[PDB]
Amino acid sequence: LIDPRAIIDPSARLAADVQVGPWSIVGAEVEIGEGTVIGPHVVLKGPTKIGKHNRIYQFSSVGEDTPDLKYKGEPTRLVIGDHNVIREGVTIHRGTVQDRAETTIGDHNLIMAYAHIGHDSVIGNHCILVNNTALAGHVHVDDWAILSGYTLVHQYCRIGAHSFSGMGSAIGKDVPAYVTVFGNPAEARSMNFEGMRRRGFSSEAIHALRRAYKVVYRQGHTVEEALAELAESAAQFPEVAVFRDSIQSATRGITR
Amino acid sequence: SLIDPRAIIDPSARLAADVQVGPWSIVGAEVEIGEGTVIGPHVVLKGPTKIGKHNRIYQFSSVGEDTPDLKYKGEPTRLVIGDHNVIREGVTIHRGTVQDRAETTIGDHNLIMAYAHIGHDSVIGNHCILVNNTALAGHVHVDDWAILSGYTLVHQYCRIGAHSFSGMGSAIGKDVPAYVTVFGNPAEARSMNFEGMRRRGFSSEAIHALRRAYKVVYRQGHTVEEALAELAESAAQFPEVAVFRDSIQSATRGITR
Amino acid sequence: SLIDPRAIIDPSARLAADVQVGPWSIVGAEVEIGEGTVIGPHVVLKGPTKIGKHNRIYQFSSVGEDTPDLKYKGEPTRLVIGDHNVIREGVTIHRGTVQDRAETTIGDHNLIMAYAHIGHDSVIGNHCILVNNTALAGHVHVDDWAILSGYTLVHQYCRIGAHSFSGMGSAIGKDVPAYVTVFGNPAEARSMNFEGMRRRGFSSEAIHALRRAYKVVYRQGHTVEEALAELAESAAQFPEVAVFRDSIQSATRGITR
Ligand SMILES: O=C(Nc1cccc(-c2nnn[nH]2)c1)c1ccc2[nH]cc(Br)c2c1
Ligand SMILES: O=C(Nc1cccc(-c2nnn[nH]2)c1)c1ccc2[nH]cc(Br)c2c1
Ligand SMILES: O=C(Nc1cccc(-c2nnn[nH]2)c1)c1ccc2[nH]cc(Br)c2c1
Ligand SMILES: O=C(Nc1cccc(-c2nnn[nH]2)c1)c1ccc2[nH]cc(Br)c2c1
């Protein structure tokens, strides 16, 4: 299962069932969980934890140091959950002590070829990062978010649950939950109604969220005005609280 | 020896005369490689895949991987590559899907530059140039002599017409007619590839007729049906204009405007 | 030992005594590596290439390949890289073409991040940062301390001035004067890199003179030649203004506006 042309550092820790292809490097302090398949020509560096039933494709560099000059070799980590697919040539950097010293990925994420997950980024669950998507650093991607091909995300930006970025988008401000954004610079267009139907949202939840978008984007309310107007919608629908919570946590302004 | 002993050749792989395979390359099951093809070092070939003659594939390329667009792959789905193609460093080419074509198809004399992506069920003709990090999302048709400049992004099902040209960083969401130049995100028509026509040995007559054809379609408020009617006479005189007319006719989902 | 036994070292290669080469790396014929340099695993070095001292080259980089540019027909051309450079994952650097000076040149203390592309005949100075997926198409000159943010695209023959800055996703088709800040596709001139200038310790007087010089070129309706003639005075007083003036005077592709 561990190909004999692979290099497994002695301090690495591999569960039963783990496969490692030829000419891959499982570096010092790299933990891998049961059912995970490392392809050929993968470089893993630690300290890193990889969970269960993950698949990591050739030419990926998972757990290197950020080249960002504000990192100076301090002990920082990367954690990856379960049932993720990391495709060809993905780069994933460990955290920096200036934040939480950890880069974090949840479960059931699909990270397509040549995607870049910068230091200190947090990815939730059931996210899709399409080819060459780049998180510059300290980027938070909530559950079910889809970033289309060559989406560039600026440092510290929050990408909301069920949000969608069009291909070649450049995101400089928080994207609220459910919002669809396009272009360079990114601008809000609508709500991810497909994402909501994928979730089996009641038709009352979807109408509540359709109206919630109007209150924030199409009624000339300021962010403060919107948040108060949404309070009752948010009380009634957990799905609208996700939206309101995402705008409330947007300390530096939302994508318009 | 032409086959480096550090490469992994599957027993079902078929290598023709004068094929070279560099060290640490994988030639997987049902991969066929034609006469005089050079596989670089650190290349992953996955099948079922048919590669023709006098191709060159550079290091860190993943040729014939399954699309990650489906959670559960269909099999068998094919990749077909013709002759005299250059595939540069880190290029990804995905096989077809059982739902659509079941084949990703590349013709002859194409240049696919570093880190370009050719998505499942795409079709590339002959003499095309995909510059660095060009991405064909899926079911993209690129006709003969098209040039896509660096970091050109193409949406699913879009047709890139013969002799067309995309500018650097273009995001293409609708068909590009033959000969048309497009720029920006989202892509906008600007003119025709007059430079390319001259390098192809197009008559000044053909080039003048194609200039007029551009104005008929884009500049004169015609419906497409009206544009097709207005172009019929010029298309019958010039095969070069027929290629333009046919790219407009075949564009069911609209053209880049 | 410092050379991994799984690395390929061409017998013509010249390595200083403390050079490290990781496993499954290639040091090709006529590649020279200076003292203190670390080559990671899975690196492809092709020559004729000279690499200086205390460099670091990461996995999956292709350093010294021929350009795929059709104008290159296999002529003997070179790559020269200086000292204290960092080349991150998957970087591509191509040798020169005889049509220019048969050399691609990189100075010292440069940071070239993952999947950056340095095209044939490019000249990079000292203390430059090319962020992820920056692509220099060919014959691009990047002068000292320039910062090109992520996915910056540079057209052939463009010059990037000293202490200039590009925003993420910039598409530069025209020359960027020294100190100027550009953004967008196509790239737009916004301001000067005042945070760069202050971090580097430029004087308040030089920063004020550069602030006024920006107005002269961009905001007084002067033609390039009229602005150069108006810059004459301040350029004689402040070396920094002369660097600015010179970058406008040396422009081949017009200046980013
Ligand atoms: O972009 C993709 N799908 C998609 C589906 C619906 C709307 C949009 C939309 N609208 N505006 N910009 N992108 C986009 C897509 C899917 C799979 C891919 N694989 C590689 C690439 Br590049 C890619 C791109
Ligand atoms: O739901 C998707 N796209 C979506 C959803 C809502 C509005 C729009 C919209 N609006 N204007 N243009 N595109 C688009 C979707 C689903 C599965 C996918 N797999 C890969 C990709 Br990219 C993707 C995208
Ligand atoms: O940009 C390229 N060619 C080209 C030629 C003529 C007009 C234009 C145009 N005009 N406006 N936007 N792009 C573009 C080009 C050629 C070779 C290359 N190799 C690597 C890269 Br990135 C690259 C880019
Ligand atoms: O672009 C980056 N940083 C940056 C810093 C300051 C201003 C701007 C700016 N402002 N407006 N447009 N771009 C941008 C950056 C830094 C590190 C990275 N690592 C991977 C990627 Br992609 C990346 C991108």
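The figures that follow rest on heavy atoms only: side chains count, while hydrogens, waters and symmetry mates do not. So that the names make sense, note that chain A is the first sequence line, chain B the second, and so on, each numbered from 1.
Of all residues spanning residues 66-77 of chain B, those with a heavy atom less than 4.5 Å away from chain A's heavy atoms are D66(B), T67(B), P68(B), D69(B), arranged by number. Residues of residues 91-103 of chain B placed with any heavy atom under 4.5 Å of a heavy atom in chain A are listed by number as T92(B), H94(B). Within residues 118-129 of chain B, no residue has any heavy atom closer than 4.5 Å to a heavy atom of chain A.
Here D142(A) does not pair with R158(A) in a salt bridge; the nearest charged N to carboxylate O distance is not below 4.0 Å.
At distances below 3.5 Å, at least one donor-acceptor pair connects side-chain atoms of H41(A) with backbone N or O atoms of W24(B). Although no hydrogens or angles enter the test, the distance criterion places a donor-acceptor pair under 3.5 Å between the side chain of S149(B) and the main chain of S166(B). A donor-acceptor contact shorter than 3.5 Å links the side chain of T181(B) to the backbone of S191(B). A donor-acceptor pair is defined here as one N or O able to donate and one able to accept, closer than 3.5 Å; no such pair exists between the side chain of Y58(B) and the backbone of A114(B).
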Steps toward side-chain contact (heavy atoms from CB on, under 4.5 Å) verdict (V21(B), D4(B)): CA-CA 6 Å; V21(B) 178; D4(B) 190 292; 6.0 Å; no
Given the rule in the ring pair (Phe, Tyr, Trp, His ring centres under 6.0 Å) test, do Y150(A) and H117(B) qualify, once you have shown the distances and angles that lead to the verdict? CA-CA 12 Å; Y150(A) 292 73; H117(B) 170 78; 8.9 Å; no
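Here CG of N110(B) is found 10.5 Å from CG of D83(B). Values are rounded to the nearest 0.5 Å.
Using a 4.5 Å cut-off between heavy atoms, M112(A) touches chain B through its side chain atoms alone. Of the two parts of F182(A), neither the backbone nor the side chain holds a non-hydrogen atom closer than 4.5 Å to a non-hydrogen atom of chain B. Proximity to chain B is limited to the side chain of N131(A), based on heavy atoms less than 4.5 angstrom apart.
Taking the centre and axis of the six-membered ring of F165(B), the NZ or CZ atom of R190(B) falls outside the cone set by 45° and 6.0 Å.
Qualifying salt bridge (charged side-chain N to carboxylate O under 4.0 Å, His left out) partners for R5(A), counting only residues two or more places apart in sequence or in other chains: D3(A).
At a cut-off of 3.5 Å, with distance as the only test, no side-chain donor of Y179(B) or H163(B) sits close to an acceptor on the other residue.
Crowding of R198(A) atom CZ: a count of heavy atoms from other residues, nucleotides or ligands under 6.0 Å not exceeding 12.
Residues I87(B) and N55(B) have side chains not in contact (no heavy-atom distance under 4.5 Å, counting atoms from C-beta outward).
Ring planes of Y156(A) and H138(A): parallel class, angle under 30° (limits at 30 and 60°).
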